[PDB]
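Quick setup: one chain, the form solved without its partner chain, written in structure tokens, and binding and motion questions come after.
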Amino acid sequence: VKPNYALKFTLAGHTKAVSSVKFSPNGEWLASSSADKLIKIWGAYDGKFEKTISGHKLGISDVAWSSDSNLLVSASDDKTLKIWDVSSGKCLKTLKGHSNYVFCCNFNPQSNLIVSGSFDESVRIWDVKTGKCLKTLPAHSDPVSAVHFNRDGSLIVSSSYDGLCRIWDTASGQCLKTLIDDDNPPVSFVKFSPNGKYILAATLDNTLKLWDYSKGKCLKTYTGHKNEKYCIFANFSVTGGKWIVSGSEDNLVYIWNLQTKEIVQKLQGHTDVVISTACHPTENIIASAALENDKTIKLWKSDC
């Protein structure tokens, strides 16, 4: 069977490239970050603009939700992360210590920690309550494109333009595993699978790969899209059929069958690089967002 994602809403309002969209864990909201220095909150089901959250002095590259859906963290070119109370819109904490653009960020499931990756080639682990940087990992030798906690928070996966994917022990900060492949093309994105056993890694040779990271074996590859220049988010879609979902530099959203690797759908409508996609936690809904020549978020809905 194949999905039939259809366009439901186009969300306009950002005045520069959108950089990242994330659904709240409770399914109610979509958060978007933008080069226009703003976070915007939208209704996940009717597409209705809810609010604007502001305070970064430069554009934002990533945003992430706490498990209880009450907080956001954003990563900015202004070298800071900010922790935000969604209901009030207030900045609760400004996390300082990176020496270049902060690129990627995430909460752990407990949501007592934040992990960040930066152009300064480090991964930092931050205390949410106090805002203090707990650890600075000399993780990579080029900008860090993605950081993600596994399901119990005990592991972090990081990716970098240096061509490496690394698995880190959260508590000890030591590197547990380094994944290298072929001629080590830049790794533009990585994240754990929902069950925590796999990682999905994007490389700028137009390729996504599913890895058993402990065994160091590439189980799947997903190709056919265009990804040579940008750090594009990819996703496991698990609310219906088991798909892989990714944006693309040919302005399309691609959806693959996870097991067969075949493309099962291509979503048309954006007019610039689809830098970010996200999958709704309970419904067969995709959010997609695109760069400067587009500036919109689209919501798509499928029967499976």
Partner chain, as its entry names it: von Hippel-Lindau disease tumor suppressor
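Positions refer to the first chain, counted from 1. Definition used throughout: the rigid core is the maximal C-alpha set that superposes within 1.5 Å between two forms.
- Looking at 176-184 and 94-102, the one farther from the shown form in 9 other deposited structures of this protein by average CA distance, after a rigid core fit, turns out to be 176-184.
- Relative to one another, 119-127 and 80-88 have unequal mean CA B-factors, and 80-88 is the one with the higher figure.
- Here 56-64 and 35-43 are compared by their mean Cα B-factor, and 35-43 comes out higher.
- If you compare the C-alpha temperature factors of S145, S141, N227, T221 in the entry, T221 comes out highest.
- As recorded in the entry, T271 carries the highest CA temperature factor of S276, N235, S69, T271.
- Remark: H98 belongs to the middle third of its chain, ranked by C-alpha B-factor as recorded.
- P186 sits in the lowest third of its chain by CA B factor, as recorded in the PDB entry.
- In the deposited entry, the Cα temperature factor of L11 sits in the top third of values across the chain's modelled residues.
- For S288, the recorded CA temperature factor ranks within the lowest third of the chain's modelled residues.
- Annotation for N195: C-alpha temperature factor in the highest third relative to the rest of the modelled chain, per the entry.
The form deposited with its partner chain bound exists for this protein as well; it is not shown, and the discussion that follows is about that form.
- Interface residue remark: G97 is not counted as part of the site for its partner chain in the bound PDB entry, having no heavy atom within 4.5 Å.
- At a distance threshold of 4.5 angstroms between non-hydrogen atoms, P185 is in contact with its partner chain in the bound PDB entry.
- Shown alone here, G131 lies farther than 4.5 Å from its partner chain in the bound PDB entry, counting heavy atoms only.
- Its partner chain is not drawn, but in the bound PDB entry it has no heavy atom within 4.5 Å of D85.
- Residue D142 is the only one in 127-142 with at least one heavy atom within 4.5 Å of its partner chain in the bound PDB entry.
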